[PDB]
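**Student:** Before we start, here is the structure in question, set down as structure tokens.
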Amino acid sequence: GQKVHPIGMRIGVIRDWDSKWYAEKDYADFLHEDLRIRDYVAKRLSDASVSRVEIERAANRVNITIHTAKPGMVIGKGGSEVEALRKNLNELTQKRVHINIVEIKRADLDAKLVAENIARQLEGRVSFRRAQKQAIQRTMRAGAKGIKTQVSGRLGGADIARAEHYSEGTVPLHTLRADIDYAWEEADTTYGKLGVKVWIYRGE
Amino acid sequence: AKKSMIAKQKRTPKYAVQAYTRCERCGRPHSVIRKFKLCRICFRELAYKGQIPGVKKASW
Amino acid sequence: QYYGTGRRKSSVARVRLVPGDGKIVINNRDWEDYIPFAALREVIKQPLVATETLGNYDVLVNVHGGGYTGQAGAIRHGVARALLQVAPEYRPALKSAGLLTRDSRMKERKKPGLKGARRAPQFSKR
Amino acid sequence: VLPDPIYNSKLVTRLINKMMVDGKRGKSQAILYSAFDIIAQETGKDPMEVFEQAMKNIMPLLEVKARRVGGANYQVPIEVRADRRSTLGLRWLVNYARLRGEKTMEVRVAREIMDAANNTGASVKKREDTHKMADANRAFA
Amino acid sequence: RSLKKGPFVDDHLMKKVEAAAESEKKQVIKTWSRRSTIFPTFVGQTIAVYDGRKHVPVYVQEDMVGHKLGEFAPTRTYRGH
Amino acid sequence: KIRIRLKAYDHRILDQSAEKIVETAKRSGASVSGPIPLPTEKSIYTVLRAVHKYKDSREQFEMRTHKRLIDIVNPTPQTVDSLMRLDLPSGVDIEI
RNA sequence: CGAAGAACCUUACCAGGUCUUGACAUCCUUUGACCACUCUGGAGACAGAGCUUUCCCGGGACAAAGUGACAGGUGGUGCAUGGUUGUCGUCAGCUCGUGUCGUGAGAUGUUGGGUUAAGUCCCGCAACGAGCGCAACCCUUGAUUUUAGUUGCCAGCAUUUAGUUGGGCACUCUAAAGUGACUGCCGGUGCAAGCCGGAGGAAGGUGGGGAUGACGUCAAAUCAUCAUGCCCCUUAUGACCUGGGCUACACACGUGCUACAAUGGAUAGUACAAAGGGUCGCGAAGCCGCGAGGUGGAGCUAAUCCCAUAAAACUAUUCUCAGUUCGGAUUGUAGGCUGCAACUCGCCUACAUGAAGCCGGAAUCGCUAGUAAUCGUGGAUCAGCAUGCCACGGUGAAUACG
Ligand SMILES: [Mg+2]
Ligand SMILES: [Mg+2]
Ligand SMILES: [Mg+2]
Ligand SMILES: [Mg+2]
Ligand SMILES: [Mg+2]
Ligand SMILES: [Mg+2]
Ligand SMILES: [Mg+2]
Ligand SMILES: [Zn+2]
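Chains A, B, C, D, E and F, in that order, give the protein sequences.
Residue 10 is where the first sequence starts when you use the numbering used here, and the numbers rise one by one after that.
Residue 51 is where the second sequence starts when you use the numbering used here, and the numbers rise one by one after that.
Residue 876 is where the third sequence starts when you use the numbering used here, and the numbers rise one by one after that.
Residue 1093 is where the fourth sequence starts when you use the numbering used here, and the numbers rise one by one after that.
Residue 11 is where the fifth sequence starts when you use the numbering used here, and the numbers rise one by one after that.
Residue 24 is where the sixth sequence starts when you use the numbering used here, and the numbers rise one by one after that.
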């Protein structure tokens, strides 16, 4: 069959939407502003392990919280990275900006991060067995009560495609008391695109 | 086509009746909701992702 | 002034009872000018005849929501409630008559791909 | 179901529900009331008694069922359920009362209940014909 | 226009037709206008109306005033299968 | 004789923000009403689940609003200042 | 069905008229406001002129011309792909670790006896256990407590054309946190799981309805939402403009709306809804107009005000069973809106015309309850354009032997 996006199934249930504001007459403007913002962030901070972005609006200021595993790149030895960010984001938004940077602990408990790991591996021509399995073991060591992954594409350069999925632990997608994380990431290959999907069942 | 069409959307037409809506993400004209300004399919994506405020999945 | 609320479909009757001869007002109108049908008027009576209290009290009603039959059902419901209120020993009679059963039959959803709640299109293989 | 508000019969309410068209219970119920008023006019007696006699006349006992037997399909007779008994009576009543062709519906229905209490009418011809075919095919019981 | 606030006619056609009072009707006027009404002032001067692929001539009359130009220049050529 | 209208998408945030306002408003002036709930005006956007075909299979998205209303009954400049300083958990809208 | 809106635009197609670093981006070099508005030749794109371009503090942001790198392709392949989707099927099934049997493939488990909506649950068994699914956690509806009472309510009260004004949250209504329904209790039977009945209660047996769609099947559909490998065009398979076509018409199918009438139609009066939308948007009252509408501008960023007479129902009068006062097509004339523009090719109104049709061959479809049927309403898309789509309430059945 076809599965529902297990995040979308849980918005307004146990997860809060990431784009947080109220608006009227300003809604589309703020939305597409913040989509441009996420494009900027993903474009210039894919390397930095950026994995979640929550937006906030009040008093015209563009408040942001970037949850990342390595802060030391978003900030760090210079102190000028976040200032560059708010400068260019001022140029876009035509507003004020402020940017908190949160440290994620257990970076292998975020499906987005894990999917980027696997995707960079598969672009570097690593085996799609070892990739999935090592990501799984890293999660279950990092503290996941459940893990699941799959890859679909021209696996290994085939003509015909298929899917390879592997799971440890309890991963119930029909339960909603589940705190599940999910992600989909894309890898490029000289043969074509590979779709990596991940989802994690977490502690409490 | 679609890049030239997305351009021609944004510049002002000869007459104002010639306006028409397009999703800024993917400029498809059909099923674009002027309240969100998104097309239906991009809307479904982002609404799953929780990148749209206040919208969730309608049970009832 | 005894009191009860009564609900049927989307109809809501705030109803009250006083001791009287049998006169009845509904929305500042005659029961006959509001419910002209003998069937629905008898439906209103049903508690007052299940327990012989018709020739004793006046039924004073206000109503919103729904249609005429739904409002009637609400009214009899709130009436039976207020009869309980004035006398819990009417509980057995009115329960066994089924007037305390708040009619939970609400009007069902429409659904996608269906031309109603349950109706689907005309199927054709070819 | 439930008995009629006025008369102490569920048959009236069922007949109302079986004449009803698109929820028009008010129209159906009123015309049946006026039709009993008509038969009381032209007879002067118990509408319940005359309607009961008409029932008892239109009321079948035996009816065919279509059953595969011996490489074909046959009509085997069978004693009808007591509920389907009344159901078929009221059904037939309403359908002949529609296809009759007088002026007004209450009139059609009232004349049919009269004829039925008198052992006349299409509705009784129907019972007789059902008995006739079932009895023709009583070899298969 | 359907309304008393009208009529309508393209300025780029009205101007040429007004200049065509000294035409003497030896010449002919091409227009890509099919939406413009016919005034009586158009009478006599043949107009070559653009149907989609060609300019088709029409001779105006008193009888074809009040109508448009496209009614006399069909779009879809059809021959009874 | 002044009024606050709070409207948002999240009733827990909104209720708690209103309780915050009400406690601070009672501290800065004692006579104030409680918060009163209004109806939840909402919008159900109905979308094709598929891309190309399948008009018959869909997905529905409800954007609700929850909103509360407050009435101040004896203002002071202390109250006005406590509301002029205070910034709320965003995702909401305050109206005075 | 994509299409939750084909007049132009959309629009990708066609004819014509045109451009080639381009309609759209980066990198270089020169320059800096670029442009805007008027005139002329134009179908317009576009050419000629004018008036007039204020860049801001070497930097920043956007801009004209050169200049090649590049661009662009709704050009292809869904038999290379991702992602998204139907489908068997919300069917109850699909598997796995360890163990054991089998040379082995495979089996076992997962069969059996019962039971359940359900590989649900019990007893038994060379299997013991687990995962995905089922169920349940979620939303909504069904009764009720506390909190808060305005933009909602009006009982006890006065008074107004108006719940109006005062006053009060009684009651509704609203919406947060709670309660409750769990075979929890009783009787029968079962060994047991469970099954049947009974009580209380609003609700009794996963209460009702939703969302929620397992491994995988149809190389199912999608390169036209998007991205995307390969190939192809790259002074044209690219780009602009006007006009046309997507609305053709001998004919076939599907899906629906309207009817074929007296449980009805014309005319008048007239009661009771829910769910929704509104800022340059809803648009009141009053007035003009047969009417569609025009005028007007109140109130409203909305439980305040508007869209908004709800219609079926009911009551009266008439038509008297007729191709009819049925039906309402088609056509002619004249109007109104929208929009630069209503011929191709919008909708609506008035008058007239009055078509086919007097209940549908062989066949075939939905539905088990507030359902089917039936009546209106709203929303999206949208300037305008719906019998379509999604939600809303009103009325409200028949039947289930098996
Ligand atoms: Mg348009
Ligand atoms: Mg395929
Ligand atoms: Mg295909
Ligand atoms: Mg479930
Ligand atoms: Mg295929
Ligand atoms: Mg078409
Ligand atoms: Mg059955
Ligand atoms: Zn889009």
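Quick reminder that beta carbons are idealized off the backbone N, C-alpha and C, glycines included.
Among the candidates F:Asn97, F:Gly114 and F:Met107, whose CA atom is the shortest distance from the CA of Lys24 (chain F)?
**Tutor:** Numbered from its first residue, the sixth sequence carries residue 24 (chain F) at position 1. With distances taken between Cα atoms, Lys24 (chain F) lies closest to F:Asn97.
**Student:** Could you list which residues in chain D have their beta carbon closer than 9 Å to that of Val918 (chain C), in chain order?
**Tutor:** Residue numbering aside, residue 918 (chain C) sits at position 43 when the third sequence is read from its first letter. Within 9 Å Cβ-Cβ: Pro1097.
**Student:** Answer yes or no: the CB of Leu88 (chain B) versus the heavy atoms of ligand 8, is any distance below 8 Å?
**Tutor:** Residue numbering aside, residue 88 (chain B) sits at position 38 when the second sequence is read from its first letter. At least one heavy atom of ligand 8 is nearer than 8 Å to the Cβ of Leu88 (chain B), so yes.
**Student:** With 16 other CB atoms within 10 Å as the buried threshold, where does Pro1169 (chain D) fall?
**Tutor:** As a working note, residue 1169 (chain D) is residue 77 in the fourth sequence. With 16 or more Cβ atoms within 10 Å of its Cβ, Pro1169 (chain D) is classed as buried.
**Student:** What did DSSP end up calling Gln101 (chain B) once you bin it into helix, strand or coil?
**Tutor:** On the second sequence, residue 101 (chain B) is found 51 positions in, with the first residue counted as 1. Note: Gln101 (chain B) maps to coil in three-state DSSP.
**Student:** What did DSSP end up calling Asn99 (chain A) once you bin it into helix, strand or coil?
**Tutor:** For the purposes of this step, residue 99 (chain A) is taken as residue 90 along the first sequence, with counting starting at 1. Helix.
**Student:** Check the Cβ-Cβ distances between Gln1167 (chain D) and every residue of chain C, and say whether any is below 9 Å.
**Tutor:** Within the fourth sequence, residue 1167 (chain D) is the residue found at index 75, counting from 1. For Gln1167 (chain D), the answer is no, since every Cβ of chain C falls outside 9 Å of its Cβ.
**Student:** Cα-Cα, which of A:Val83, A:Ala153 and A:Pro181 is closest to residue 240 (chain A)?
**Tutor:** For chain A, the structure presents residues 10 to 213; residue 240 (chain A) sits outside this window and is missing.
**Student:** Can you tell me the Cα-Cα spacing of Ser66 (chain F) and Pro17 (chain E), whole angstroms?
**Tutor:** Within the sixth sequence, numbered from 1, the residue matching residue 66 (chain F) stands at position 43. Within the fifth sequence, numbered from 1, the residue matching residue 17 (chain E) stands at position 7. Going from the Cα of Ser66 (chain F) to the Cα of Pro17 (chain E) covers about 45 Å.
**Student:** Beta carbons nearer than 9 Å to chain D: which residues of the stretch 903 to 916 of chain C have them?
**Tutor:** Within the stretch 903 to 916 of chain C, the residues whose Cβ lies closer than 9 Å to some Cβ of chain D are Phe912, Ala913, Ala914, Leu915 and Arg916, listed in chain order.
**Student:** Taking the alpha-carbon of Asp38 (chain A) as reference, which of B:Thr62, B:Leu88, B:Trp110 and B:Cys76 has the nearest alpha-carbon?
**Tutor:** On the first sequence, residue 38 (chain A) is found 29 positions in, with the first residue counted as 1. If we check each option's Cα against that of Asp38 (chain A), B:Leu88 comes out closest.
**Student:** Kindly examine ligand 8 and report whether one of its heavy atoms sits closer than 8 Å to the Cβ of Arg78 (chain B).
**Tutor:** Translated into positions along the second sequence, residue 78 (chain B) becomes position 28. Correct: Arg78 (chain B) has its Cβ closer than 8 Å to ligand 8.
**Student:** Can you find a CB in chain B that lies within less than 9 Å of the CB of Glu118 (chain F)?
**Tutor:** Looking up residue 118 (chain F) in the sixth sequence gives position 95. No, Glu118 (chain F) lies away from the interface with chain B (no Cβ there is under 9 Å from its Cβ).
**Student:** Mapping the DSSP letters down to three states, classify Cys92 (chain B) as helix, strand or coil.
**Tutor:** Working through the second sequence from its first residue, we reach residue 92 (chain B) at position 42. Looking at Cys92 (chain B) - three-state DSSP - the assignment turns out to be helix.
**Student:** Using DSSP bridges, identify the partner residues of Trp208 (chain A).
**Tutor:** Taking the first residue of the first sequence as position 1, residue 208 (chain A) is located at position 199. A:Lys157 and A:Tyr191.
**Student:** Please determine, among A:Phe137, A:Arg147 and A:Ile23, the residue with the shortest C-alpha to C-alpha distance to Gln159 (chain A).
**Tutor:** As a working note, residue 159 (chain A) is residue 150 in the first sequence. Nearest of A:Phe137, A:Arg147 and A:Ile23 to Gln159 (chain A), Cα basis: A:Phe137.
**Student:** Determine, using beta carbons only, whether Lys14 (chain E) and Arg44 (chain E) come nearer to each other than 9 Å.
**Tutor:** The residue labelled residue 14 (chain E) in the question sits at position 4 within the fifth sequence. The residue labelled residue 44 (chain E) in the question sits at position 34 within the fifth sequence. Against a cut-off of 9 Å, the Cβ pair of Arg44 (chain E) and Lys14 (chain E) comes out as no contact.
**Student:** Locate the beta strand (DSSP E) running through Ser66 (chain F), then write down its first and last residues.
**Tutor:** If you number the sixth sequence from 1, residue 66 (chain F) lands on position 43. It spans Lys65 to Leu71 - the beta strand (DSSP E) in which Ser66 (chain F) sits, taken as one unbroken run.
**Student:** Quick one: residues in its chain with C-beta nearer than 7 Å to the C-beta of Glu125 (chain A), no 5 flanking neighbours on either side, listed in chain order?
**Tutor:** Locating residue 125 (chain A) in the first sequence gives position 116, counting from the first residue. So the list reads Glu194, once near-sequence residues are dropped.
**Student:** CB-CB under 7 Å to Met981 (chain C), same chain, minus the five flanking residues each way: which ones, in chain order?
**Tutor:** As a position in the third sequence, residue 981 (chain C) is number 106, starting the count at 1. Contacts found: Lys884.
**Student:** Could you compute how far the alpha carbon of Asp190 (chain A) sits from the alpha carbon of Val13 (chain A)?
**Tutor:** Start at 1 with the first residue of the first sequence, and residue 190 (chain A) comes out as number 181. Start at 1 with the first residue of the first sequence, and residue 13 (chain A) comes out as number 4. Going from the Cα of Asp190 (chain A) to the Cα of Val13 (chain A) covers about 13 Å.
**Student:** In the structure shown, what three-state DSSP assignment does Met1140 (chain D) receive?
**Tutor:** The count along the fourth sequence starts at 1 and reaches residue 1140 (chain D) at position 48. Helix at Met1140 (chain D).
**Student:** At a Cβ cut of 9 Å, what residues of the stretch 21 to 32 of chain A count as close to chain B, listed as they run along the chain?
**Tutor:** Those residues of the stretch 21 to 32 of chain A that come within reach of chain B (Cβ to Cβ, closer than 9 Å) are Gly21, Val22, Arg24, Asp25, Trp26, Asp27, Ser28, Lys29, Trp30, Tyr31 and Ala32.
**Student:** Under a Cβ-count criterion, where at least 16 other Cβ atoms within 10 Å of its own Cβ denotes burial, should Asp908 (chain C) be classed as buried or exposed?
**Tutor:** By one-based count along the third sequence, residue 908 (chain C) stands at place 33. Label assigned to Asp908 (chain C): exposed.
**Student:** Going by the DSSP bridge assignment, what does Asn937 (chain C) pair with across the sheet?
**Tutor:** Here residue 937 (chain C) refers to the residue found at position 62 when the third sequence is read from its first residue. Looking at the DSSP assignment, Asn937 (chain C) forms a beta bridge with C:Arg889.
**Student:** Going by DSSP, what residue range makes up the beta strand (DSSP E) through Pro67 (chain E)?
**Tutor:** In the fifth sequence, counting from the first residue as 1, residue 67 (chain E) sits at position 57. Here the beta strand (DSSP E) through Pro67 (chain E) covers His65 to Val68.
**Student:** Residues of chain C with CB under 9 Å from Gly1118 (chain D), in chain order?
**Tutor:** Within the fourth sequence, numbered from 1, the residue matching residue 1118 (chain D) stands at position 26. Within chain C, the residues near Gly1118 (chain D) are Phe912 and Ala914.
**Student:** Roughly how many angstroms lie between the CA atoms of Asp33 (chain F) and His89 (chain F), to the nearest whole one?
**Tutor:** Within the sixth sequence, numbered from 1, the residue matching residue 33 (chain F) stands at position 10. Within the sixth sequence, numbered from 1, the residue matching residue 89 (chain F) stands at position 66. Computed Cα separation, rounded: 7 Å.
**Student:** Curious, which full-length alpha helix (DSSP H) runs of at least 4 residues does the stretch 934 to 995 of chain C contain?
**Tutor:** The qualifying runs are 943 to 961 and 966 to 972.
**Student:** Are any of the Cβ atoms in chain C nearer than 9 Å to that of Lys78 (chain F)?
**Tutor:** Position 55 of the sixth sequence, counted from the start, is the residue given in the question as residue 78 (chain F). Output row for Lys78 (chain F): interface = yes.
**Student:** For the beta strand (DSSP E) holding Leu1154 (chain D), just list the boundary residues, first then last.
**Tutor:** Against the fourth sequence, residue 1154 (chain D) aligns to sequence position 62. From DSSP, the beta strand (DSSP E) with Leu1154 (chain D) extends over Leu1154 to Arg1160.
**Student:** Hey, is the stretch 925 to 942 of chain C in contact with the stretch 882 to 897 of chain C, meaning 3+ C-beta pairs nearer than 8 Å?
**Tutor:** The answer is yes - the stretch 882 to 897 of chain C touches the stretch 925 to 942 of chain C, with three or more Cβ pairs under 8 Å.
**Student:** Counting only Cβ pairs nearer than 8 Å, list the residues of chain A close to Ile102 (chain B).
**Tutor:** For the purposes of this step, residue 102 (chain B) is taken as the residue at position 52 of the second sequence. Those are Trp26, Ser28 and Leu40, listed as they occur along chain A.
**Student:** Are the beta-carbon atoms of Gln1121 (chain D) and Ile1108 (chain D) separated by less than 9 Å?
**Tutor:** Sequence index remark: in the fourth sequence, residue 1121 (chain D) carries index 29 (1-based). Sequence index remark: in the fourth sequence, residue 1108 (chain D) carries index 16 (1-based). In contact: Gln1121 (chain D) and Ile1108 (chain D) (Cβ atoms closer than 9 Å).
**Student:** Just grab the DSSP bridge partners of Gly1213 (chain D) for me.
**Tutor:** As a working mapping, residue 1213 (chain D) is identified with position 121 in the fourth sequence. Answer is none; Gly1213 (chain D) lacks a bridge partner.
**Student:** Taking only beta-carbon positions, decide if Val105 (chain B) is within less than 9 Å of chain A.
**Tutor:** The residue labelled residue 105 (chain B) in the question sits at position 55 within the second sequence. So yes, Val105 (chain B) belongs to the interface.
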